[PDB]
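Working notes, beginning with the structure itself.
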Amino acid sequence: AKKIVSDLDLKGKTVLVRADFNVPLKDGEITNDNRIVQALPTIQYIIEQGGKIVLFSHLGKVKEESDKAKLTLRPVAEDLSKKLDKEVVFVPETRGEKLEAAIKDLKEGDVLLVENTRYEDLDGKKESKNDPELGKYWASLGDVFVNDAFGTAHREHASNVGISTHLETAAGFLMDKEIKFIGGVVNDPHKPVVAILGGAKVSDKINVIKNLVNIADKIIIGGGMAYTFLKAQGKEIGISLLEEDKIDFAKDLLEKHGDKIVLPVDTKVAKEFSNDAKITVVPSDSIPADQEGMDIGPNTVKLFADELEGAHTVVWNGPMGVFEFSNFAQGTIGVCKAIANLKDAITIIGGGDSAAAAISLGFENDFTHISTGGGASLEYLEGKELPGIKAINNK
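Quick look at the structure:
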(Lines of atoms letter the chains of each structure in order from A and count residues from 1; the text may use other names and numbers.)
(Lines give C-alpha, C1' and ligand atoms only; values in the text may rest on other atoms or scores of the structure.)
Protein backbone atom coordinates (compact mmCIF):
# COMPACT_ATOMS: atom_id res chain seq x y z
CA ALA A 1 0.00 0.00 0.00
CA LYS A 2 2.76 2.54 0.88
CA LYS A 3 5.26 4.15 -1.50
CA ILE A 4 8.84 3.32 -0.54
CA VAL A 5 12.09 5.21 -1.34
CA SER A 6 13.01 2.46 -3.84
CA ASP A 7 9.86 3.40 -5.82
CA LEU A 8 11.15 6.93 -6.52
CA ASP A 9 13.16 8.37 -9.48
CA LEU A 10 15.99 9.84 -7.26
CA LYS A 11 18.84 10.64 -9.68
CA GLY A 12 19.87 14.28 -9.74
CA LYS A 13 16.95 15.03 -7.42
CA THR A 14 17.25 16.99 -4.22
CA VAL A 15 15.88 14.47 -1.68
CA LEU A 16 14.63 15.74 1.70
CA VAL A 17 14.90 13.03 4.31
CA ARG A 18 13.39 12.94 7.75
CA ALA A 19 15.77 10.71 9.72
CA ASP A 20 15.59 9.77 13.41
CA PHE A 21 18.78 11.30 14.82
CA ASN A 22 17.37 11.84 18.34
CA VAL A 23 20.42 10.20 19.90
CA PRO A 24 21.39 10.08 23.64
CA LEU A 25 23.72 12.99 24.62
CA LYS A 26 26.04 13.78 27.54
CA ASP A 27 27.68 17.21 27.52
CA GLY A 28 26.84 17.17 23.83
CA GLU A 29 28.65 13.87 23.31
CA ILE A 30 26.78 11.02 21.58
CA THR A 31 26.41 8.15 24.13
CA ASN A 32 24.58 5.82 21.71
CA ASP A 33 24.98 6.10 17.95
CA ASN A 34 22.43 3.33 17.31
CA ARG A 35 19.73 5.55 15.74
CA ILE A 36 22.45 6.77 13.36
CA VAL A 37 23.60 3.27 12.47
CA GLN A 38 19.97 2.39 11.66
CA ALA A 39 19.29 5.49 9.55
CA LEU A 40 22.18 4.46 7.25
CA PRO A 41 20.64 2.11 4.66
CA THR A 42 18.03 4.66 3.34
CA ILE A 43 20.77 7.27 3.04
CA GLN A 44 23.33 4.92 1.48
CA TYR A 45 20.67 3.78 -1.00
CA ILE A 46 19.75 7.40 -2.01
CA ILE A 47 23.49 8.03 -2.38
CA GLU A 48 23.74 5.03 -4.74
CA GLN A 49 20.83 6.31 -6.84
CA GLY A 50 22.56 9.68 -7.28
CA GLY A 51 20.28 11.70 -5.04
CA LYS A 52 21.24 14.90 -3.30
CA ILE A 53 20.60 14.42 0.38
CA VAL A 54 19.09 17.02 2.72
CA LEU A 55 18.57 15.62 6.20
CA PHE A 56 16.16 16.77 8.88
CA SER A 57 15.95 15.60 12.50
CA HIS A 58 14.84 16.73 15.91
CA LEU A 59 17.05 16.38 18.94
CA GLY A 60 15.80 16.43 22.53
CA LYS A 61 13.08 18.82 23.72
CA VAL A 62 13.59 22.52 23.02
CA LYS A 63 11.59 24.60 25.53
CA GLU A 64 13.68 27.75 25.97
CA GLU A 65 16.78 29.55 24.64
CA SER A 66 19.29 27.89 26.98
CA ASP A 67 18.19 24.42 25.70
CA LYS A 68 19.69 25.14 22.19
CA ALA A 69 23.46 24.77 22.77
CA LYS A 70 23.39 21.19 24.07
CA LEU A 71 20.90 20.17 21.34
CA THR A 72 22.71 21.24 18.14
CA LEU A 73 22.93 18.57 15.47
CA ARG A 74 26.66 19.27 14.73
CA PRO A 75 27.85 16.18 16.64
CA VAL A 76 25.51 14.02 14.52
CA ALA A 77 26.84 15.45 11.28
CA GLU A 78 30.38 14.68 12.36
CA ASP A 79 29.51 11.12 13.39
CA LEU A 80 27.58 10.64 10.17
CA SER A 81 30.68 11.71 8.27
CA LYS A 82 32.79 8.98 9.88
CA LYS A 83 30.11 6.39 9.13
CA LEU A 84 29.79 7.52 5.57
CA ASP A 85 33.55 8.13 5.10
CA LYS A 86 32.50 11.29 3.33
CA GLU A 87 32.08 14.78 4.73
CA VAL A 88 28.51 15.84 5.62
CA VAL A 89 27.93 19.62 5.23
CA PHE A 90 26.26 20.94 8.38
CA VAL A 91 24.40 24.27 8.34
CA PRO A 92 23.54 25.59 11.82
CA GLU A 93 20.32 27.34 10.66
CA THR A 94 16.83 25.96 10.12
CA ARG A 95 16.20 28.38 7.23
CA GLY A 96 17.72 31.30 5.28
CA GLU A 97 20.16 32.33 2.52
CA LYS A 98 23.16 30.32 3.66
CA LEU A 99 21.11 27.14 4.10
CA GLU A 100 19.43 27.70 0.74
CA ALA A 101 22.71 28.35 -1.07
CA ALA A 102 24.33 25.24 0.44
CA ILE A 103 21.39 23.09 -0.64
CA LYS A 104 21.72 24.45 -4.23
CA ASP A 105 25.46 23.63 -4.32
CA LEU A 106 24.80 19.93 -3.64
CA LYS A 107 25.87 17.46 -6.36
CA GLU A 108 24.71 13.86 -6.69
CA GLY A 109 25.71 11.78 -3.69
CA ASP A 110 26.31 14.86 -1.46
CA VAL A 111 24.74 14.80 2.06
CA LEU A 112 23.79 17.98 4.04
CA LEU A 113 22.36 18.08 7.55
CA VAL A 114 19.98 20.89 8.65
CA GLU A 115 20.12 22.07 12.27
CA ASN A 116 17.63 20.74 14.94
CA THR A 117 14.05 21.02 13.69
CA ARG A 118 12.97 21.86 17.25
CA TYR A 119 14.93 25.18 17.15
CA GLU A 120 11.68 26.24 15.38
CA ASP A 121 9.69 25.57 18.55
CA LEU A 122 11.11 28.62 20.42
CA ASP A 123 9.07 31.21 18.55
CA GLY A 124 5.56 29.71 18.36
CA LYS A 125 6.15 25.89 18.60
CA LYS A 126 6.16 25.82 14.77
CA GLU A 127 7.87 22.42 14.34
CA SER A 128 5.84 20.61 16.99
CA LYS A 129 2.42 22.16 16.04
CA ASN A 130 3.04 21.89 12.23
CA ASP A 131 3.02 25.62 11.34
CA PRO A 132 1.71 25.89 7.74
CA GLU A 133 4.48 28.29 6.63
CA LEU A 134 7.38 26.18 8.00
CA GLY A 135 6.28 22.92 6.33
CA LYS A 136 5.85 24.66 2.98
CA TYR A 137 9.17 26.50 3.31
CA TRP A 138 11.11 23.30 4.14
CA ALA A 139 9.30 21.44 1.32
CA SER A 140 10.39 24.18 -1.14
CA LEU A 141 14.04 23.27 -0.56
CA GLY A 142 13.70 19.96 -2.49
CA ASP A 143 12.07 17.78 -5.10
CA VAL A 144 10.90 14.77 -3.05
CA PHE A 145 10.46 13.60 0.57
CA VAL A 146 11.38 10.37 2.34
CA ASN A 147 10.16 9.97 5.91
CA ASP A 148 12.38 7.43 7.63
CA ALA A 149 11.42 8.57 11.19
CA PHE A 150 8.75 6.20 12.61
CA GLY A 151 9.46 7.63 16.14
CA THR A 152 7.50 10.85 15.40
CA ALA A 153 4.98 9.27 13.05
CA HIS A 154 2.26 9.46 15.78
CA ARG A 155 2.51 13.25 15.87
CA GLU A 156 1.76 16.02 13.41
CA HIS A 157 4.91 18.17 12.85
CA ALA A 158 6.25 20.53 10.17
CA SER A 159 9.12 18.03 9.66
CA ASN A 160 6.72 15.22 8.70
CA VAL A 161 3.14 16.09 7.83
CA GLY A 162 4.25 19.64 7.01
CA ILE A 163 6.78 18.74 4.29
CA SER A 164 4.51 15.80 3.11
CA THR A 165 1.71 18.03 2.01
CA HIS A 166 3.91 19.79 -0.51
CA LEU A 167 5.87 16.93 -2.04
CA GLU A 168 5.52 13.35 -3.24
CA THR A 169 6.22 11.28 -0.11
CA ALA A 170 7.70 7.77 0.44
CA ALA A 171 8.68 5.65 3.41
CA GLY A 172 12.34 4.86 4.06
CA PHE A 173 13.47 1.31 4.63
CA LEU A 174 13.17 1.77 8.36
CA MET A 175 9.70 3.39 8.38
CA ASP A 176 8.70 0.58 6.02
CA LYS A 177 9.44 -2.33 8.44
CA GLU A 178 7.43 -0.62 11.18
CA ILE A 179 4.49 -0.34 8.74
CA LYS A 180 4.96 -3.94 7.51
CA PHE A 181 5.14 -5.54 10.91
CA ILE A 182 3.32 -3.24 13.32
CA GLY A 183 0.76 -2.19 10.70
CA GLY A 184 0.66 -5.89 9.74
CA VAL A 185 -0.52 -6.86 13.21
CA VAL A 186 -3.50 -4.54 12.96
CA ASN A 187 -4.33 -4.70 9.24
CA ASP A 188 -3.65 -8.24 8.12
CA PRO A 189 -2.05 -10.32 10.93
CA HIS A 190 -0.33 -13.68 10.68
CA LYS A 191 -2.67 -15.64 12.94
CA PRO A 192 -2.78 -16.84 15.59
CA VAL A 193 -1.70 -13.64 17.34
CA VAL A 194 -0.59 -13.57 20.98
CA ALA A 195 -0.01 -10.32 22.84
CA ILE A 196 2.07 -10.07 25.97
CA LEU A 197 1.42 -6.95 28.06
CA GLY A 198 3.45 -5.64 30.95
CA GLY A 199 4.65 -2.57 32.83
CA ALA A 200 3.34 -0.90 35.93
CA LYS A 201 0.11 0.74 34.86
CA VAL A 202 -3.15 -0.60 33.59
CA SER A 203 -4.02 2.88 32.37
CA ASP A 204 -1.14 2.89 29.90
CA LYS A 205 -2.39 -0.32 28.27
CA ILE A 206 -6.23 0.00 28.30
CA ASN A 207 -6.48 1.21 24.65
CA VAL A 208 -4.14 -1.45 23.27
CA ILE A 209 -6.15 -4.11 25.13
CA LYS A 210 -9.48 -2.88 23.62
CA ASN A 211 -8.05 -3.07 20.08
CA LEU A 212 -6.03 -6.28 20.50
CA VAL A 213 -8.82 -8.20 22.16
CA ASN A 214 -10.60 -8.76 18.78
CA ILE A 215 -7.36 -9.54 16.88
CA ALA A 216 -5.40 -11.69 19.40
CA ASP A 217 -6.34 -15.24 20.46
CA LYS A 218 -4.65 -14.60 23.84
CA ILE A 219 -3.64 -11.62 25.88
CA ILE A 220 -0.98 -12.48 28.35
CA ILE A 221 -0.61 -9.97 31.16
CA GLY A 222 2.26 -9.50 33.57
CA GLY A 223 4.26 -6.73 35.21
CA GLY A 224 2.80 -4.40 37.79
CA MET A 225 -0.37 -3.91 35.80
CA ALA A 226 -1.30 -7.58 36.39
CA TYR A 227 -2.07 -7.17 40.12
CA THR A 228 -5.15 -5.01 39.41
CA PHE A 229 -6.54 -7.91 37.34
CA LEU A 230 -5.84 -10.37 40.14
CA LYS A 231 -7.68 -8.11 42.55
CA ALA A 232 -10.56 -8.01 39.98
CA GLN A 233 -10.67 -11.81 40.35
CA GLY A 234 -11.15 -11.58 44.13
CA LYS A 235 -7.54 -12.29 45.16
CA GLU A 236 -5.65 -10.26 47.83
CA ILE A 237 -2.62 -8.45 46.30
CA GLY A 238 -0.99 -7.00 49.42
CA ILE A 239 0.52 -3.57 48.91
CA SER A 240 1.08 -4.24 45.23
CA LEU A 241 0.03 -1.17 43.25
CA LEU A 242 -3.62 -1.04 42.52
CA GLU A 243 -5.66 1.11 40.13
CA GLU A 244 -9.13 0.98 41.75
CA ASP A 245 -10.66 3.11 38.99
CA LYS A 246 -9.62 0.31 36.55
CA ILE A 247 -11.24 -2.61 38.49
CA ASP A 248 -14.56 -2.32 36.54
CA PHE A 249 -12.66 -2.31 33.26
CA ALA A 250 -10.78 -5.41 34.43
CA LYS A 251 -13.88 -7.23 35.77
CA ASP A 252 -15.75 -6.60 32.49
CA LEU A 253 -12.80 -7.61 30.29
CA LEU A 254 -12.69 -10.92 32.20
CA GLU A 255 -16.46 -11.39 31.81
CA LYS A 256 -16.40 -10.68 28.00
CA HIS A 257 -13.12 -12.51 27.20
CA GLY A 258 -12.45 -15.01 29.98
CA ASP A 259 -9.82 -17.58 29.14
CA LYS A 260 -8.32 -15.37 26.39
CA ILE A 261 -6.79 -13.48 29.35
CA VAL A 262 -3.82 -15.28 30.94
CA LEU A 263 -2.54 -13.99 34.29
CA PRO A 264 0.38 -14.87 36.61
CA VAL A 265 -0.07 -18.01 38.80
CA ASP A 266 2.82 -17.13 41.14
CA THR A 267 4.73 -13.99 42.09
CA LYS A 268 7.98 -12.86 43.79
CA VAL A 269 7.01 -10.61 46.66
CA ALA A 270 8.94 -8.42 49.03
CA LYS A 271 8.28 -6.18 52.06
CA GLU A 272 10.50 -3.33 50.66
CA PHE A 273 11.11 -1.79 47.19
CA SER A 274 14.79 -2.76 46.96
CA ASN A 275 16.95 -5.21 45.00
CA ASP A 276 18.38 -6.30 48.38
CA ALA A 277 15.05 -7.19 50.02
CA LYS A 278 14.18 -10.74 51.16
CA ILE A 279 12.10 -12.20 48.29
CA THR A 280 9.49 -14.92 48.68
CA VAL A 281 7.86 -16.85 45.88
CA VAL A 282 4.11 -17.45 46.45
CA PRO A 283 1.06 -18.64 44.52
CA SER A 284 -1.21 -15.87 43.30
CA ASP A 285 -3.71 -16.87 45.99
CA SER A 286 -1.23 -16.41 48.81
CA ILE A 287 0.11 -12.92 48.34
CA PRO A 288 0.87 -11.65 51.89
CA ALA A 289 -0.99 -8.53 53.11
CA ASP A 290 2.23 -6.57 53.75
CA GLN A 291 3.96 -7.48 50.52
CA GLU A 292 4.33 -6.24 46.99
CA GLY A 293 4.29 -8.20 43.73
CA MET A 294 7.56 -7.29 42.09
CA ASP A 295 8.13 -10.06 39.52
CA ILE A 296 6.23 -12.94 38.06
CA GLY A 297 7.19 -16.38 39.54
CA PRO A 298 8.97 -19.30 37.82
CA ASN A 299 5.66 -21.19 37.24
CA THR A 300 4.26 -18.14 35.47
CA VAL A 301 7.37 -17.81 33.26
CA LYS A 302 6.82 -21.41 32.28
CA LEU A 303 3.06 -20.93 31.79
CA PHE A 304 3.52 -17.78 29.71
CA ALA A 305 6.09 -19.66 27.55
CA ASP A 306 3.70 -22.65 27.07
CA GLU A 307 0.91 -20.21 26.04
CA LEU A 308 3.02 -19.15 23.00
CA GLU A 309 3.05 -22.54 21.39
CA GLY A 310 1.26 -22.45 18.02
CA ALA A 311 1.23 -18.62 17.71
CA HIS A 312 2.33 -17.24 14.36
CA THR A 313 2.70 -13.67 15.68
CA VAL A 314 3.70 -12.55 19.18
CA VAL A 315 3.61 -8.87 20.19
CA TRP A 316 5.37 -7.93 23.37
CA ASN A 317 4.81 -4.68 25.24
CA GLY A 318 6.13 -4.39 28.76
CA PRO A 319 8.42 -5.86 31.40
CA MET A 320 7.05 -8.62 33.63
CA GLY A 321 8.34 -7.12 36.93
CA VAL A 322 10.88 -4.55 38.30
CA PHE A 323 13.45 -5.12 35.62
CA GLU A 324 15.72 -2.33 36.93
CA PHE A 325 16.47 -4.64 39.93
CA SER A 326 18.73 -7.59 39.29
CA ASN A 327 16.82 -10.03 41.57
CA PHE A 328 13.38 -9.08 40.08
CA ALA A 329 14.53 -9.27 36.46
CA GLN A 330 14.16 -13.02 35.87
CA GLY A 331 10.48 -12.84 34.79
CA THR A 332 11.23 -10.45 31.92
CA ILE A 333 14.43 -12.35 30.97
CA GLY A 334 12.48 -15.63 30.86
CA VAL A 335 9.59 -14.31 28.81
CA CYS A 336 12.04 -12.47 26.56
CA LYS A 337 13.97 -15.73 25.98
CA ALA A 338 10.69 -17.68 25.31
CA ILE A 339 9.66 -15.22 22.59
CA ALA A 340 13.13 -15.16 21.02
CA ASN A 341 13.18 -18.96 21.17
CA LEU A 342 9.72 -19.40 19.56
CA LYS A 343 10.13 -20.96 16.06
CA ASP A 344 7.95 -20.03 13.00
CA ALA A 345 6.36 -16.87 14.45
CA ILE A 346 6.77 -13.20 13.73
CA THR A 347 7.95 -11.68 16.98
CA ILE A 348 7.44 -7.91 17.56
CA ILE A 349 8.62 -5.55 20.32
CA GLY A 350 6.69 -2.32 20.84
CA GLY A 351 7.59 -0.01 23.72
CA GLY A 352 10.87 1.55 24.73
CA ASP A 353 11.18 -0.46 27.97
CA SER A 354 10.83 -3.84 26.26
CA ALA A 355 13.11 -2.80 23.34
CA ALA A 356 15.93 -1.74 25.71
CA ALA A 357 15.55 -4.88 27.88
CA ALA A 358 15.75 -7.27 24.95
CA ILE A 359 18.66 -5.31 23.39
CA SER A 360 20.64 -5.22 26.66
CA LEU A 361 19.92 -8.94 27.15
CA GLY A 362 21.65 -10.01 23.88
CA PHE A 363 18.46 -10.51 21.94
CA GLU A 364 18.29 -7.71 19.27
CA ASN A 365 18.93 -10.18 16.40
CA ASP A 366 16.52 -12.86 17.66
CA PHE A 367 13.28 -10.87 17.25
CA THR A 368 11.56 -10.39 13.89
CA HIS A 369 11.01 -6.70 14.71
CA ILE A 370 12.08 -4.39 17.52
CA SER A 371 10.39 -1.04 16.94
CA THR A 372 12.40 2.18 16.97
CA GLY A 373 9.39 4.29 18.14
CA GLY A 374 8.34 3.88 21.80
CA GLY A 375 5.17 6.00 21.88
CA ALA A 376 4.41 5.63 18.18
CA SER A 377 4.33 1.80 18.09
CA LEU A 378 1.84 1.61 20.95
CA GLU A 379 -0.50 4.18 19.35
CA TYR A 380 -0.23 2.20 16.11
CA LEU A 381 -1.20 -1.04 17.98
CA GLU A 382 -4.13 0.85 19.58
CA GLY A 383 -5.54 1.18 16.03
CA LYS A 384 -4.91 4.90 15.62
CA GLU A 385 -4.00 6.08 12.14
CA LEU A 386 -0.64 7.83 12.75
CA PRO A 387 -0.49 11.29 10.96
CA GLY A 388 3.08 10.73 9.67
CA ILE A 389 1.92 7.49 8.01
CA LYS A 390 -1.34 8.92 6.54
CA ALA A 391 0.74 11.59 4.82
CA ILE A 392 3.09 9.13 3.11
CA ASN A 393 1.70 8.49 -0.46
CA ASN A 394 0.18 5.15 -1.33
CA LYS A 395 1.92 3.21 -4.14
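Going by UniProt numbering, the first residue of the sequence shown is number 2, and it counts up by one from there.
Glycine is no exception: its CB is placed at the ideal position from the N, C-alpha and C atoms.
With the cut-off set at 9 Å, would you say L255 and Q234 are in Cβ contact? Position 254 of the sequence shown, counting from 1, holds the residue named residue 255. Position 233 of the sequence shown, counting from 1, holds the residue named residue 234. Yes, these two residues count as a Cβ contact at 9 Å.
Pairwise C-alpha distance: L343 and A377: Numbered from its first residue, the sequence shown carries residue 377 at position 376. Numbered from its first residue, the sequence shown carries residue 343 at position 342. When rounded, the distance between both Cα atoms is 26 Å.
Between the C-alpha atoms of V194 and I347, what's the straight-line distance to the nearest angstrom? In the sequence shown, residue 194 corresponds to position 193, counting from 1. In the sequence shown, residue 347 corresponds to position 346, counting from 1. For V194 and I347, the distance between alpha carbons rounds to 9 Å.
Please classify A330 as buried or exposed, where buried requires at least 16 other C-beta atoms within 10 Å of its C-beta. If you number the sequence shown from 1, residue 330 lands on position 329. So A330 counts as buried.
Of the choices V16, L114, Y120, whose alpha-carbon is the least far from that of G61? Working through the sequence shown from its first residue, we reach residue 61 at position 60. The candidate whose alpha carbon is nearest that of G61 is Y120.
Are there three or more Cβ pairs, one per stretch, closer than 8 Å when the region 380 to 395 is compared with the region 210 to 218? yes
Selected residue, minimal CA-CA separation from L175, among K269, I104, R19, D296: Within the sequence shown, the letter at position 174 stands for residue 175. The residue with the shortest Cα to Cα distance from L175 is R19.
Is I340 near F368, with beta carbons less than 9 Å apart? Numbered from its first residue, the sequence shown carries residue 340 at position 339. Numbered from its first residue, the sequence shown carries residue 368 at position 367. Cβ atoms of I340 and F368: closer than 9 Å.
Leaving out five residues before and five after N33 in sequence, what residues of the same chain have Cβ atoms less than 8 Å from its Cβ? Numbered from 1 along the sequence shown, position 32 holds the residue referred to as residue 33. So the list reads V24, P25, once near-sequence residues are dropped.
Does DSSP classify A339 as helix, strand or coil? Taking the first residue of the sequence shown as 1, we reach residue 339 at position 338. Note: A339 maps to helix in three-state DSSP.
Is it the case that the Cβ atoms of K303 and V162 are separated by a distance below 9 Å? The residue given as residue 303 occupies position 302 in the sequence shown. The residue given as residue 162 occupies position 161 in the sequence shown. The answer is no: Cβ separation not under 9 Å.
Within the continuous alpha helix (DSSP H) that includes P42, where are the two ends? Within the sequence shown, the letter at position 41 stands for residue 42. Element bounds for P42: 35 to 49.
Test item: CB-CB of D122 and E116 under 9 Å: Locating residue 122 in the sequence shown gives position 121, counting from the first residue. Locating residue 116 in the sequence shown gives position 115, counting from the first residue. It is not a contact, given that the beta carbons lie outside the stated cut-off.
Are three or more beta carbon pairs between the region 304 to 315 and the region 239 to 249 nearer than 8 Å? no
So with Cβ pairs under 9 Å, would you call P25 a contact of chain B? Looking for chain B here will not work: only one protein chain is present.
Quick one: complete beta strand (DSSP E) runs, 3+ long, within the region 111 to 194? 112 to 115, 145 to 148, 170 to 172
Beta-carbon contacts of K232 that lie in its chain and below 7 Å, excluding the five residues immediately before and after: Stepping through the sequence shown from its first residue, residue 232 is reached at position 231. Result list for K232: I238, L243, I248, in chain order.
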